[PDB]
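*Asks:* Following this message is one structure expressed as structure tokens.
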Amino acid sequence: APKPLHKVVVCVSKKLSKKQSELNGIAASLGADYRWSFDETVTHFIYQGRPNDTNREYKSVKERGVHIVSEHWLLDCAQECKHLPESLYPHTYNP
């Protein structure tokens with residue numbers, strides 16, 4: 001049975017550790033997989049920050065070219081039950 005985030009693999013940044021289990025579960029309810037820390041399987045890295053952010057984990061993921069999205073990407077995908085465009089939710093996104 002189709003779910004909107006099938007084949008997505010989320011990883012919540014260390015910065016967002018207090019929200020990590022909750023966000024993993026929100027992603028999983030939409031059919032995504034999740035990793036507890038970053039690796040080569042991750043498709044979507046959840047992160048909140050600033051222009052030219054110096055966070056080490058963020059910079060390492062950015063080098064790998066995977067999607068880096070605000071937590072609001074996941075929250076809005078959940079509200080809509082849809083795979084929403086990642087480009088609308090950069091790490092600097094603020095509602």
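By convention in this document, the chains of the structure tokens carry letters A, B, ... by their order, each chain's residues are numbered from 1, and ligands are numbered from 1 in the order they are shown.
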Among chain A, which residues carry a DSSP assignment of strand (DSSP E or B), reported as number ranges by chain?

*Replies:* A: 9-12, 33-35, 44-46, 67-69

*Asks:* Go ahead and save the picked residues with N, CA and C atoms, as a CSV table (one decimal), in the first residue's frame.

*Replies:*
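Writing the result to selection_8.csv gives the following:
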```
chain,number,residue,atom,x,y,z
A,9,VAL,N,15.0,8.1,3.3
A,9,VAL,CA,15.7,7.8,4.5
A,9,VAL,C,16.1,9.0,5.2
A,10,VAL,N,15.4,9.3,6.3
A,10,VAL,CA,15.7,10.6,7.1
A,10,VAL,C,16.8,10.4,8.1
A,11,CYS,N,17.5,11.5,8.4
A,11,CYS,CA,18.4,11.5,9.5
A,11,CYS,C,18.2,12.9,10.1
A,12,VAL,N,17.9,12.9,11.4
A,12,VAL,CA,17.8,14.2,12.1
A,12,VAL,C,19.1,14.6,12.7
A,33,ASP,N,12.1,5.4,5.9
A,33,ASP,CA,13.1,4.8,6.8
A,33,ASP,C,13.8,5.9,7.6
A,34,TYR,N,14.6,5.6,8.6
A,34,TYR,CA,15.4,6.6,9.3
A,34,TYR,C,16.7,6.0,9.8
A,35,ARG,N,17.7,6.8,10.0
A,35,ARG,CA,19.0,6.5,10.6
A,35,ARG,C,19.2,7.3,11.8
A,44,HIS,N,17.6,12.4,3.2
A,44,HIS,CA,17.1,13.7,3.7
A,44,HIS,C,17.6,13.9,5.1
A,45,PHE,N,18.4,15.0,5.2
A,45,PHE,CA,19.0,15.4,6.5
A,45,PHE,C,18.2,16.6,7.1
A,46,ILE,N,17.7,16.4,8.3
A,46,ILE,CA,16.8,17.4,8.9
A,46,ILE,C,17.7,18.3,9.7
A,67,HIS,N,19.6,15.9,0.2
A,67,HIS,CA,18.7,17.0,0.6
A,67,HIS,C,18.9,17.4,2.1
A,68,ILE,N,19.0,18.7,2.3
A,68,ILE,CA,19.0,19.2,3.6
A,68,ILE,C,17.8,20.1,3.8
A,69,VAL,N,16.9,19.7,4.7
A,69,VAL,CA,15.6,20.3,4.8
A,69,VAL,C,15.3,20.7,6.3
```

*Asks:* I'd like the contact shell of segment 90-95 of chain A - 7 Å cut-off, only C-alpha atoms, skipping same-chain residues fewer than 5 positions apart - returned as a list in words.

*Replies:*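 The residues that qualify are residues 47, 48, 49, 50, 51, 68, 69 and 70 of chain A.
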
*Asks:* How would the residues just chosen look if you wrote them out with N, CA and C atoms as a compact mmCIF listing (two decimals), in the first residue's frame?

*Replies:*
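And here is the file that came out, result00.txt:
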```txt
# COMPACT_ATOMS: atom_id res chain seq x y z
N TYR A 47 17.65 19.64 9.37
CA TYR A 47 18.53 20.61 9.99
C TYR A 47 17.95 22.02 9.91
N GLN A 48 18.20 22.79 10.96
CA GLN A 48 17.81 24.19 11.10
C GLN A 48 19.09 25.02 11.30
N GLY A 49 19.30 26.06 10.50
CA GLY A 49 20.47 26.90 10.69
C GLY A 49 20.42 28.19 9.93
N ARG A 50 21.61 28.73 9.70
CA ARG A 50 21.80 30.09 9.20
C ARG A 50 22.56 30.07 7.88
N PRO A 51 22.51 31.19 7.11
CA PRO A 51 23.41 31.26 5.96
C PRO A 51 24.88 31.06 6.37
N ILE A 68 19.01 18.65 2.30
CA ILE A 68 19.02 19.21 3.65
C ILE A 68 17.78 20.07 3.77
N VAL A 69 16.90 19.69 4.69
CA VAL A 69 15.60 20.33 4.84
C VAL A 69 15.32 20.72 6.28
N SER A 70 14.58 21.82 6.44
CA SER A 70 14.00 22.20 7.71
C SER A 70 13.10 21.08 8.23
```

*Asks:* Given the choices A:14, A:39, A:4, A:54, which gets closest to residue 85 of chain A if the distance is worked out from only C-alpha atoms?

*Replies:*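 Selected residue with least distance to residue 85 of chain A: A:4.
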
*Asks:* Which residues, written as number ranges by chain, have at least one atom at most 9 Å from residue 27 of chain A, with only C-alpha atoms counted and residues fewer than 4 positions away on the same chain left out?

*Replies:* A: 5, 8-10, 22-23, 31-34, 74-75, 77-78

*Asks:* Grab the residues selected above and save them as a PDB file, in the first residue's frame with N, CA and C atoms.

*Replies:*
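Writing done, so here's selection.pdb:
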```
ATOM      1  N   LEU A   5       6.242   8.914   1.640  1.00  0.00           N
ATOM      2  CA  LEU A   5       7.696   8.982   1.792  1.00  0.00           C
ATOM      3  C   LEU A   5       8.380   7.625   1.680  1.00  0.00           C
ATOM      4  N   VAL A   8      12.299   7.264   1.090  1.00  0.00           N
ATOM      5  CA  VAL A   8      13.025   8.321   1.795  1.00  0.00           C
ATOM      6  C   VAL A   8      13.726   7.703   2.999  1.00  0.00           C
ATOM      7  N   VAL A   9      14.954   8.146   3.264  1.00  0.00           N
ATOM      8  CA  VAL A   9      15.667   7.757   4.481  1.00  0.00           C
ATOM      9  C   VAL A   9      16.053   9.046   5.198  1.00  0.00           C
ATOM     10  N   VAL A  10      15.384   9.340   6.321  1.00  0.00           N
ATOM     11  CA  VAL A  10      15.665  10.572   7.056  1.00  0.00           C
ATOM     12  C   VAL A  10      16.761  10.379   8.100  1.00  0.00           C
ATOM     13  N   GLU A  22      10.885  11.680  17.939  1.00  0.00           N
ATOM     14  CA  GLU A  22       9.588  12.144  17.469  1.00  0.00           C
ATOM     15  C   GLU A  22       9.598  12.329  15.957  1.00  0.00           C
ATOM     16  N   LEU A  23      10.627  12.995  15.441  1.00  0.00           N
ATOM     17  CA  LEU A  23      10.723  13.202  13.996  1.00  0.00           C
ATOM     18  C   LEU A  23      10.913  11.891  13.224  1.00  0.00           C
ATOM     19  N   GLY A  31       5.927   6.346   5.806  1.00  0.00           N
ATOM     20  CA  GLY A  31       6.574   5.280   5.044  1.00  0.00           C
ATOM     21  C   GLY A  31       8.079   5.415   4.879  1.00  0.00           C
ATOM     22  N   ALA A  32       8.695   6.438   5.475  1.00  0.00           N
ATOM     23  CA  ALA A  32      10.143   6.616   5.368  1.00  0.00           C
ATOM     24  C   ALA A  32      10.876   5.657   6.284  1.00  0.00           C
ATOM     25  N   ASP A  33      12.121   5.400   5.921  1.00  0.00           N
ATOM     26  CA  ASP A  33      13.081   4.801   6.822  1.00  0.00           C
ATOM     27  C   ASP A  33      13.828   5.930   7.555  1.00  0.00           C
ATOM     28  N   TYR A  34      14.597   5.570   8.585  1.00  0.00           N
ATOM     29  CA  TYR A  34      15.367   6.561   9.323  1.00  0.00           C
ATOM     30  C   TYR A  34      16.682   5.958   9.792  1.00  0.00           C
ATOM     31  N   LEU A  74       9.153  17.897   7.015  1.00  0.00           N
ATOM     32  CA  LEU A  74       8.543  16.705   7.522  1.00  0.00           C
ATOM     33  C   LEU A  74       7.169  16.991   8.162  1.00  0.00           C
ATOM     34  N   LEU A  75       7.072  18.073   8.942  1.00  0.00           N
ATOM     35  CA  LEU A  75       5.801  18.410   9.600  1.00  0.00           C
ATOM     36  C   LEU A  75       4.719  18.704   8.573  1.00  0.00           C
ATOM     37  N   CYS A  77       4.730  17.646   5.331  1.00  0.00           N
ATOM     38  CA  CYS A  77       4.417  16.386   4.643  1.00  0.00           C
ATOM     39  C   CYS A  77       3.411  15.579   5.455  1.00  0.00           C
ATOM     40  N   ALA A  78       3.567  15.586   6.782  1.00  0.00           N
ATOM     41  CA  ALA A  78       2.656  14.862   7.665  1.00  0.00           C
ATOM     42  C   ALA A  78       1.262  15.503   7.641  1.00  0.00           C
TER      43      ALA A  78
END
```

*Asks:* Please return, as a PyMOL selection string, all residues of chain A that DSSP assigns to alpha helix (DSSP H) on the basis of the backbone.

*Replies:* chain A and resi 20-29+56-64+71-80

*Asks:* Please dump the current selection as a PDB file, in the first residue's frame; keep C-alpha atoms.

*Replies:*
```
ATOM      1  CA  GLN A  20      14.949  13.051  17.005  1.00  0.00           C
ATOM      2  CA  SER A  21      12.757  10.114  18.072  1.00  0.00           C
ATOM      3  CA  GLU A  22       9.588  12.144  17.469  1.00  0.00           C
ATOM      4  CA  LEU A  23      10.723  13.202  13.996  1.00  0.00           C
ATOM      5  CA  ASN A  24      11.857   9.655  13.129  1.00  0.00           C
ATOM      6  CA  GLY A  25       8.350   8.471  14.039  1.00  0.00           C
ATOM      7  CA  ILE A  26       6.634  11.181  12.008  1.00  0.00           C
ATOM      8  CA  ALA A  27       8.738  10.180   8.996  1.00  0.00           C
ATOM      9  CA  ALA A  28       8.059   6.457   9.577  1.00  0.00           C
ATOM     10  CA  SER A  29       4.273   7.059   9.695  1.00  0.00           C
ATOM     11  CA  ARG A  56      30.449  20.353  11.282  1.00  0.00           C
ATOM     12  CA  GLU A  57      27.766  17.723  10.702  1.00  0.00           C
ATOM     13  CA  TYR A  58      25.820  20.108   8.402  1.00  0.00           C
ATOM     14  CA  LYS A  59      28.917  20.894   6.363  1.00  0.00           C
ATOM     15  CA  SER A  60      29.751  17.191   5.946  1.00  0.00           C
ATOM     16  CA  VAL A  61      26.237  16.374   4.671  1.00  0.00           C
ATOM     17  CA  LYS A  62      26.241  19.389   2.332  1.00  0.00           C
ATOM     18  CA  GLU A  63      29.415  18.014   0.719  1.00  0.00           C
ATOM     19  CA  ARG A  64      27.564  14.770  -0.088  1.00  0.00           C
ATOM     20  CA  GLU A  71      11.964  20.058  10.119  1.00  0.00           C
ATOM     21  CA  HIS A  72       8.970  21.902   8.650  1.00  0.00           C
ATOM     22  CA  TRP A  73       9.347  19.809   5.487  1.00  0.00           C
ATOM     23  CA  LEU A  74       8.543  16.705   7.522  1.00  0.00           C
ATOM     24  CA  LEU A  75       5.801  18.410   9.600  1.00  0.00           C
ATOM     25  CA  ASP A  76       4.085  19.727   6.473  1.00  0.00           C
ATOM     26  CA  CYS A  77       4.417  16.386   4.643  1.00  0.00           C
ATOM     27  CA  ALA A  78       2.656  14.862   7.665  1.00  0.00           C
ATOM     28  CA  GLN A  79      -0.102  17.502   7.688  1.00  0.00           C
ATOM     29  CA  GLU A  80      -0.715  17.008   3.958  1.00  0.00           C
TER      30      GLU A  80
END
```

*Asks:* Can you work out the spacing between atom CA of residue 15 of chain A and atom CA of residue 3 of chain A in Å, to one decimal?

*Replies:*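 Computed distance, atom CA of residue 15 of chain A to atom CA of residue 3 of chain A, equals 27.9 Å.
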